[PDB]
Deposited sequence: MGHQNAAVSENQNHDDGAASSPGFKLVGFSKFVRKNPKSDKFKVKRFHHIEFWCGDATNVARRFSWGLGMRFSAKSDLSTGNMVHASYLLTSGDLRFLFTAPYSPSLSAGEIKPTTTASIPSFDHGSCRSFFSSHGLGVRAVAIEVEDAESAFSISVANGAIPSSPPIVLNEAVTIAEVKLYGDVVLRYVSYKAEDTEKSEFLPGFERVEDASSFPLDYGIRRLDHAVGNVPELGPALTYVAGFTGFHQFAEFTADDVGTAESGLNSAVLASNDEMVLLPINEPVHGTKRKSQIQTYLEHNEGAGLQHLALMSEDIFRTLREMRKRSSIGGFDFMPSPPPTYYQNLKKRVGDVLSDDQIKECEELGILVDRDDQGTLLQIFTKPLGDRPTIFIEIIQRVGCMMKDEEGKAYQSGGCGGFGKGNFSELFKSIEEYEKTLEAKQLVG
């Protein structure tokens, strides 16, 4: 009848929001051009040859507050010209040879990046890049998160110094990043490592995996982690990804129907593909499950677009998943819309979809 969560607010430094995500590429132009058309993200800021960067090409896509950065290295024959100081040509080709197209950096806005970096290392974090102050404007620092992903700290005194603003329409309703999930071999150690240096508390849950969720004090920076337990997808991931790494990004949309009707039109002409849709029983069982949250027309709309729906104690959740973004069966995208919990709306409203494993199964047991 009642579910109660706790929140010690045990953050070891002041954390604000997700700042951006840095993909590492072989050729960043094509990847950014496809992501832009397939997700509806505007070309916003560049740091390439045309801006004078002879170390790496970096292209930034935005939609709402969501910031996808796409970095690919230039030839070593053409350091000081790189806008992102923590970039190394060799670490980049190693990452792409080993893991392929994937997320390098999970970056978050924090009060002071040297403050965050100092405590993190002192509380166990493995350092990657120390605090570099860019033009006395932004501070940047990187610690190891899981595998070859880095948690990157960004703090302030069009995106970073050295980037040039790209002026211009494209917009499918995606407004912000919601959570970023990492697949690791052993949950226990990875969980005690990350929470050990961030002070992130565990967000409670209302298969082939085990999943805990680490969260900041206001529960707006959400970092779930999966463990491998039909062969487990997480295990397949660890093989094709040659280790631990970010599994999926969840992108909050202000209207999942719009974003899906846009993203679905473009699946065959450049965009992104989606998982095969649940059996029609699933949406018939919707009417007596979230019928007091979604109208019947909104339920018909989910069946047309293949959207999963889940509920927990505080709210209701709409969500759908793409197919792997690149060549390897590794990283994919989650589109979500959260309903309820509007105090502002509290993050994690509706959970993460853990219930859909069952409900989707017993949809297939029927039918």
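Several segments of the deposited sequence have no coordinates for C-alpha: 1-29, 108-114, 194-200, 212-215, 254-262, 286-289, 404-410, 435-445, numbered from the first residue.
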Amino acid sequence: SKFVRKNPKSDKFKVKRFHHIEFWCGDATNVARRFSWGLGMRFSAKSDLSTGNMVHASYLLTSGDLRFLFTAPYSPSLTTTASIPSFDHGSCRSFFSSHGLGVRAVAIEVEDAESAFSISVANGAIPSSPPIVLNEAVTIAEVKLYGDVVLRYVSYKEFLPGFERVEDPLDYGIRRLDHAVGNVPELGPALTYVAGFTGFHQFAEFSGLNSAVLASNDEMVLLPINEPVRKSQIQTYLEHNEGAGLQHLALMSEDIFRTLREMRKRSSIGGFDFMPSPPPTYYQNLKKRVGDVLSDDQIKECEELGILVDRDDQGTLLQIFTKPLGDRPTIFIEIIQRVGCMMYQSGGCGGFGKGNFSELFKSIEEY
From here on, numbers count along this sequence of modelled residues.
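In this text, rigid core is short for the largest set of C-alphas that superpose within 1.5 Å between two forms.
Taking 211-219 and 159-167 in turn, the stretch whose Cα atoms are more displaced from the shown form in 8 other deposited structures of this protein following rigid core superposition is 159-167. Judged by the one-third criterion across other entries of this protein, residue 98, modelled here, is also modelled in every one of those that cover both its neighbours.
Note: missing coordinates for residue 79 occur in a third or more of the other compared entries bracketing this position.
According to the PDB record, 285-293 carries the higher mean C-alpha B-factor of the two stretches 220-228 and 285-293. Relative to its counterpart among 85-93 and 171-179, 85-93 has the higher mean temperature factor, C-alpha atoms as listed in the PDB entry. Taking only the listed residues 314, 322, 337, 58, the entry reports the highest CA temperature factor at 314.
Residue set 134, 234, 260, 150: peak C-alpha B-factor at 134 (per PDB entry). Per-chain ranking of the deposited C-alpha B factor places residue 190 in the highest third. When the modelled residues of the chain are ordered by C-alpha B-factor, residue 99 sits in the middle third. Sorting the modelled residues of the chain by their CA temperature factor places residue 359 in the highest third. When all modelled residues of the chain are sorted by CA temperature factor, residue 268 is found within the middle third.
Annotation for residue 352: CA B-factor lies in the middle third of the chain's modelled residues.
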